[PDB]
Every structure is written in C-alpha cells, then in structure tokens.
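Residue numbers (this note's numbering), protein chains in the order written: chain A, -6 to 282; chain B, 1129 to 1360; chain C, 101 to 460.
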Amino acid sequence: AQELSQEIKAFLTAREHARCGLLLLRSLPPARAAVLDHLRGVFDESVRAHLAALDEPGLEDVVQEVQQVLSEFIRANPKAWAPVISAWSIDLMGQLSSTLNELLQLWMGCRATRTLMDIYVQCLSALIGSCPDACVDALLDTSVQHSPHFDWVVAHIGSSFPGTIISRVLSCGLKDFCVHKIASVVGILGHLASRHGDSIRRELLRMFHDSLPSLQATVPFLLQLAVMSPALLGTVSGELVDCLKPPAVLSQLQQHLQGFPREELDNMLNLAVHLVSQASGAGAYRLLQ
Amino acid sequence: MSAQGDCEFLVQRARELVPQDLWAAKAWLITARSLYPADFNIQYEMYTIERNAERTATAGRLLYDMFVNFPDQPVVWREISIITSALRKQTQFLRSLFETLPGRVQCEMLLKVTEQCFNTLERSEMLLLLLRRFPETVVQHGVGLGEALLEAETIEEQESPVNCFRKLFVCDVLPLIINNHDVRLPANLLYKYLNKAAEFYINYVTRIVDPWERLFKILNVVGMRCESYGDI
Amino acid sequence: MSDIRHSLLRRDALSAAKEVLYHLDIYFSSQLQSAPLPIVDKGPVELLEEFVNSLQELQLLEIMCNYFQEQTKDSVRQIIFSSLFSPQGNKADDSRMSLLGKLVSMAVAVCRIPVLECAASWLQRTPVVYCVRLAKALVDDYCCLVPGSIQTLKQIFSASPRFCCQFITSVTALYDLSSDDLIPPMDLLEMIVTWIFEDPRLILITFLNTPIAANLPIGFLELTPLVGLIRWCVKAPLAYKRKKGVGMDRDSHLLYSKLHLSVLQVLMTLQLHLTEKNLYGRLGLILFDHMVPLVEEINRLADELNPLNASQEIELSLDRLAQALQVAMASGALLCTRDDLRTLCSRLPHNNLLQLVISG
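Written out as structure tokens, the structure is:
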C-alpha cells in the first residue's frame, strides 16, 4: 500500500514514468486507463522521433516493455484484457497514422507502429477462435475514422486475416454505398487482391448470391466497385460468365433490376456496357458469343 | 419408531462419512445436535472427531459441554483419567485440551477425579498436582494431603522412616503448606514438620537436589512463623 | 452558495472539486454541531454533480480518498460517502456505480478502512440493484480482471470486517448463483470461505454492532449474507453439475462445504447471539421469505436435470438445505415450524434427512 501509493504519486507527479505506469497497470485494477493514456504519449513521442529521424532513442525499450506487459496481460486473461488492449492499440495506431503499400512500408518501418500492430494482431489471434468481432469491429471503426491514413493497417491485417477482414470491409462498403469511403474499400481490396484474390472472389460471389435497401443497392454497389476497381473487375471476369449462365440467375437479375426505375435501368445498362468494354482481357470472345 | 433408532442411524451415517468428508460429518452431527441436543452419543462423536482432528478449541468446548451435561457416562471418566495421566505429542495435546477447559472446570474435574480414586499414593500425587496447578487449592487440600500421607505411612508400618509418603510430604506437600500465607497453622504442628523433615534428611544422608537445604528452610520458616550454620 | 459556485467556475476542475469538497465538509460539520441529524440539501448534491481524462480521474480519486482518510468524524465521512454514492435515481447512478467501483476497488487495494466502512454503511443504505452492479464491478476488479488481486481484497476480510460483511451481502445479492455468471468466481469463494471460516462472527459483526430495526429493508442488502451464503453453498452443487475439470469441481465442492459449515457455526452461535440481544425467537435473521427463493430454485434444478442422471448432487443439495433450515430454526436464525417445513417440501423428491428434519 505505502509503496504502491508512493508509486501512484510519482506517476502523477519518460522511462521511469512509463515503468511506474506499467507497475501500476500490473498492480491496480481501476488505474489501467490512466496507464494506457500515459503510454499513448510514450508511443506518440517515439513515433515523432522516428519521423524526425526519417526527415533528417531511449524510448523504444519503453515501447517493448509496454508491449510485453500488455502481452502478458493478454495471455493472462485474453477475454478480460484483449478487448481493452486491442481497442487501445487500434485507437493509438489510428491516432499516429492520422497525425497503400508505400504507407505500409513506411509505417512498419516505425517500431512503435509495428509494436502496436503486433499487439493488436496477437489480440486477434487470441480472439480469432472465440470472438474476433470485438477487435475486428474496432478495427473497422478506426478505419472509418482515420481513412485513408488507416487503410494500410486494414489491408495489412486482411493480408494476415483475409477470411473475416475481406467480408467485414465488403459489408462496410455496401453500407456506405447504401447510405450515400468507397475509395478506401477499393484501395484496401486492391492491395489485398494482390495476394488474396480468390478469397475476395468467393466473398463477393456469396454476397451477390445473397443479394439475389442494402440488398437492392447491393448490385449498384458492386457495379460502382467494379467501375472504380478494375483489378477486382478483372479477377471477377474470370468466372462472371459461369456465374450468370443459369437462366434462373439472369431472371433474378432482371426482376432485381426491374425494381429500379428506368433512370436506374438505363444507368445499369450503361454501367454494363462500360464494364464489358473495359473489363475482359482474355475471355472476350466467349462473353461476346 | 423410537428416537434411539433414529439417533443410532444418524451416528452411523456420520461415522461412515468420516474417511470421506470431515465437514459433512461435522455438519450431520450439528444437525443431530440441533434436532436433539440432549444426546450424549452424538455430542461425544463430535468431540471424538474434533479430538482426532487435533482441534483443541472445539474438542475442549465439547468436552466441557459433556462434562457439564453428561457426568454419569464412564467414557467421560476414562477420557478425564487419560488426560490426568498425561498431565502427571498426544500427552502435549491432552495437556492443551485440559488447558482449553475453564480453570474452574479444570479444578472441578480434578476434584471429581479425587473423589473417584482408591489408591492412597496415586491420589496423593494427583492432589499434589492439583495443588501445583491451583495454589488457591493448597489451603484446604495441602495440609490434609500431608496428614493423609503421614497416617498412610503409619498404617503401612514403615520400619524405616524413608518411604514415598513421607518424602512426598516433606519435599512437595510441606513446602506448599508452609509457603502458603493463607494457611493458618498452630505452633504445635511445626514441631512435627521439623521432626519429619529431620527424620527425612538423617535417614537419607545416612543410607534429589538438597535435603539439607529443604530441612534448613523448613526450620527457618517454622522459626519465623513462631515469632551459615555457625553464626546462628 | 452561488457566490462559491461562481468562484468555483474560475478554477480548474480538480481545484473546483476540492473547494466543493472542503465547503461540504465545513457545512456538514457546522450542521452536525447545530443539529444531530443533518439534511442533505440540493446544494451539496448539485455542487458534487457539477464539479466533482483518466489522469485527472486518478488524481481526483486519490485526493478524495485522502479526504475520507483525513476525516476524523465517522458521521461526516459516512454522510458524505452516502451523499456522493447513495444512488439518487438520476443518470449519475450508473456513474455512481462505476466511480464507486473504482473508489472502493482502490480503497480495498490500499486498505482504506474508512472508505471500506463507508461502503459498508452505503451498502446497508442502497437498493439491491446498485449493490448488485457495484458487486459486479468489484468482483471483476479483484477476481477476474487481474488474477490474484483478490488477496488484496482478502486482507479486507479482517481489515474492515464490517465492510466485509456488507460486501458478502451485496456480493451474495449479485452472485446469488441464479446464473453461471452470478456464480461467484473461485477466487471470490476462496476469499469468503477463508474470510468466514476465520471468523464466523465476521458475518455476525453487523448483527452484534447495529441496533436492528424490527423489519429488514427489502430490495436493499439483507442484514446478513447468511441467506446469501446459504443460497450459495446450497445451489452450489447443482450449478456446477449444470456447468459440466474434475479437480476444480472437487475443490469447489470442498470450499462450498466449508462455507456451509462456517455458516452453520455462525447459526449455532446465532442462538447465543440472538439471545444476547434478546432477538432469539423475535428477529429471524434468516427471513423465511428469503429461503423460499432458494428452495424453489433447488426444486426447479432437480426437475430439469433428469434426476436419473444426477441423483447424487440432488441428494447432497437436499441434505444441505434441510440442515440449513434445521440449524437456522434450532438456533432461531430462522423463525418457522415443522409443519411449515412439511408444507415447504411437499413437492420435493424423497430424501431421508429432509423427512427426518420435517418429522422431528
């Protein structure tokens, strides 16, 4: 108590300060928020020092010590620690990025951002098997907040975790199109299409099959994505003909389009002619016939 | 159905669970006590369980409880006799159990042992132990212990004045009775005190820490109450 | 009044809160010197709401605990604690619950027996929902958020033993074992069992230290957690058979058995204690209205669990419940009769110990 109280008083009144914060984080329940807030300043100072060095040193050890304290907390109780730690980490990386592959290369080059991403990805790995939504949804919200400066984090995580990040990003993009960001989705998927085109293809096909206001605007949303993302359009054109072949699917499309006004019918026809003009690279003859 | 059968069934069920669950057995005994607190068997079983668990406080409380409530059971007297024999790890635990019993309850159980003893020497030794434990009891047991020893020696017709009764009196009973200020004695009995202590050391040295010193101290006490070896 | 508030607006949040708090201390001391029962006017509550990041929250919690600890009058500390934290029915009650959770969590952490006894009296003076929520926050803090932090809670067992009794009461109100979540964590149980085993009177502290109203307030914390602890140990085997790890199960049964026997020692001493305050046969500390929920919960648990598969646990729970009722009655902790025990257990499955207790 006496030692702990003196520790808290010294904390309230950078290396020793952050070590005291970590000790209090390890010793007191109610004061974890203050410790994390103090360590946010340490991470920000380290990122600023890294950026100043790039433009043109005793805080990186503090960064790794914070990493291992929060990581031992993560293994100690992933259920009770991972969500708080993961959300804090995503908030911190987003704040640092606010203040794609080039962004990736620049930002893993900063040891503080790399540390934060490692902590948050391990939060995922601890929560992938039970409930990754708490981390995944917080990542999605931070992507919304810090776009496009946070697109690199989301694309990197999708490269690490395609199966859920791709679906989540696609759902967020559909929601954005329905309410009205779409460039952020296009860029993140384009970087991800470099390594996970098959996963994106499967998720998009399942999405469109489920489609046949969010469901009605799903087809215009996908058309908009194809217009702004020729890479995904090309990856889809490989099996688009196989997908649209059944007469039942063509009919599902016609009445799904028929639910649109002719101001949208003609718009869909024009989008289709643009896509067929600038989409097919090798299977042009089959679609033509 | 008689309550004796139900009490026996409860006791047997508690006994069967002793090698398996101690807390459950204590709980069953507490239940039986709550149902029928006037049972000697259930409370004695609880006392036996607490003693076998070497829990001094609970076993002492229960032993006091049955000693107050159930004095006619021979088992209580056997336990008290074992405790007194220990008093004269298991011995230390029994002494601790006796200490946990209240001081007045300790004195009353030792007095009940006194009323239940037949042999003269064992009764004398145990009464002396009672005197040592409770010096307030030396007033009305110390002197009587000394005479009872002396008449026991006389009845036994000891040709040599050296015998266990006289030695016990002179070395243990005599200092207790002369050193207790509350014990009022006439001046005539100090003559017998000196006579017996003198026979003691003269028939001891002729033939222990210091018979001569004890005799000298008894003589000095007698002289002071009546009011080096060379200057005197 | 408003002059100070205007002076408070020109100060920073921390200094404004401290000026409010010193003004409240002075005002309450003067009112207590003038009157024996002070009135918590709207002014103190408004000032506390208006003026009283995480860094400033930590500083405020420190200096407020400094105020509790530096307060030399039990009445003033208890009254200001209640006024700050007695749920006022507003949106600040959820904050009340959260901030009170942080406050008493760190007070247990640093053994702030002033704040501990203040929280004991507050729990005595708080509806069951806020004691439930506060118990939720504290049990999190000390048993599940940081493992092994309950030992810091555990030393309170005898630091503020009155606070310990009210803690077990509000904790039983939350962890009434009505759900797996409302099963107390294992660390919490080991604390409480060790707490009560070490002190049967630990849960007899409030009964022997409080002039008892004839009626125990309902929807509040009950006078003793004897009802709650009995509810715990009794529903304790059925909840864990429902949960199904063999060793952890065995340890849970043992610690529940120790809690039950400690509660029973409390009861058999409660005959003497109720007699001591002349409440034996008058004040049934185990309200029979607070055993009916327990008995009904047990009957439902037996009914659903297909008794052909869980006969042993059903028998154990029935034995524990019958013994609890019998010891509570024979010790006057519970006020009932044997015909009451017969009609209470008419729908239950057959059990030898329960039949014997009912018959007498």
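Here a beta-carbon is modelled for each residue, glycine too, at the ideal position from N, C-alpha and C.
If contacts are defined as beta-carbon pairs under 8 angstroms, then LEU1229 of chain B and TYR1192 of chain B qualify, I think. What distance do you get, rounded to the angstrom? 5 angstroms
If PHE1297 of chain B and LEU1278 of chain B are in contact, beta carbons under 8 angstroms, what's the gap, nearest whole angstrom? 6 angstroms
Using 8 angstroms as the Cβ pair cut-off and three pairs as the minimum, do the segment 286 to 300 of chain C and the segment 207 to 214 of chain C touch? no
What's the call for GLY347 of chain C, buried or exposed, on a 16-neighbour Cβ count within 10 Å? exposed
Express the C-alpha separation of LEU277 of chain C and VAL147 of chain A in angstroms, rounding to a whole number. 42 angstroms
Distance, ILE303 of chain C Cα to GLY432 of chain C Cα: 16 angstroms
Against chain C, does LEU5 of chain A count as a neighbour if the rule is that its beta carbon must be under 8 angstroms from one of theirs? yes
On the DSSP bridge assignment, give the partners of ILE386 of chain C in chain order. C:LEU434
Can you tell me which of the three DSSP states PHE143 of chain A falls into? coil
Measuring alpha carbon to alpha carbon, tell me which of C:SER260, C:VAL239, C:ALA237, C:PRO227 ends up nearest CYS218 of chain C. C:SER260
Smallest Cα separation from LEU1255 of chain B: which of B:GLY1133, B:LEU1238, B:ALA1326? B:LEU1238
Whose C-beta lies closer than 7 angstroms to the C-beta of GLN131 of chain C among residues of the same chain, with five residues either side of it excluded? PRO138
Buried or exposed for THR1242 of chain B, going by 16 or more other Cβ atoms inside 10 Å? exposed
So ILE83 of chain A contacts chain C; which residues on that side make the cut at Cβ distance below 9 angstroms? Ordered by position in chain C, no residue passes the 9 angstroms Cβ test against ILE83 of chain A, which lies about 18 angstroms from the chain.
Spell out whether any CB of chain E is found under 8 angstroms from the CB atom of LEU308 of chain C. Protein chains A, B and C are contained in the structure displayed, whereas chain E is not.
Evaluate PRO239 of chain A with the Cβ neighbour count: other Cβ atoms within 10 Å of its Cβ, from every protein chain shown; 16 or more gives buried, anything less gives exposed. exposed
Please report whether the beta-carbon of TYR122 of chain C lies at a distance below 8 angstroms from any beta-carbon of chain A. no
By the criterion of Cβ-Cβ separation under 8 angstroms, what are the contact partners of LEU1163 of chain B in chain C? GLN426, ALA430, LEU456, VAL457, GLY460
Backbone CA spacing between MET391 of chain C and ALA1185 of chain B [nearest angstrom]: 32 angstroms
Distance, Cα to Cα, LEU281 of chain A vs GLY274 of chain A? 12 angstroms
Nearest by alpha-carbon distance to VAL1267 of chain B: which of B:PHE1226, B:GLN1220, B:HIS1309, B:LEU1249 is it? B:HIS1309
Chain-ordered chain C contacts of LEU(-3) of chain A [CB-CB under 8 angstroms]: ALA209, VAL210
What residue range does the alpha helix (DSSP H) around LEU1191 of chain B cover? 1184 to 1197
Status (buried if at least 16 other CB within 10 Å, exposed otherwise) for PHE143 of chain A: buried
What residues from chain C crowd round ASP1193 of chain B, counting only those whose CB sits closer than 8 angstroms? The premise fails here: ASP1193 of chain B is roughly 12 angstroms from chain C at the closest Cβ pair, so nothing lies under 8 angstroms.
Does the count of Cβ pairs from the segment 111 to 121 of chain A and the segment 81 to 88 of chain A closer than 8 angstroms reach three? yes
Going along chain C, which residues have a C-beta under 7 angstroms from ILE1158 of chain B? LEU364, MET368, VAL427
Determine the contact status of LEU441 of chain C and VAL457 of chain C, defining contact as a CB-CB distance below 8 angstroms. yes
Cβ contact check for the segment 115 to 132 of chain A and the segment 59 to 77 of chain A: 3 or more pairs under 8 angstroms: yes
Around the Cβ of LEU454 of chain C, are there at least 16 other Cβ atoms within 10 angstroms (buried) or fewer (exposed)? buried
Could you give the first and the last residue of the continuous alpha helix (DSSP H) run that contains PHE1293 of chain B? 1292 to 1296
How should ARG212 of chain C be labelled, buried or exposed, when 16 other C-beta atoms within 10 angstroms of its C-beta is the threshold for buried? buried
Would DSSP call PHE66 of chain A helix, strand or coil? helix
Among C:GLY328, C:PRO247, C:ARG447, C:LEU216, which residue has its Cα nearest to the Cα of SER270 of chain C? C:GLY328
Residues of chain B with a CB under 8 angstroms from the CB of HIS360 of chain C: which are they? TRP1151, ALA1155
Which chain C residues are close to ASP1134 of chain B, counting only those with a beta carbon under 8 angstroms from its beta carbon? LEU456
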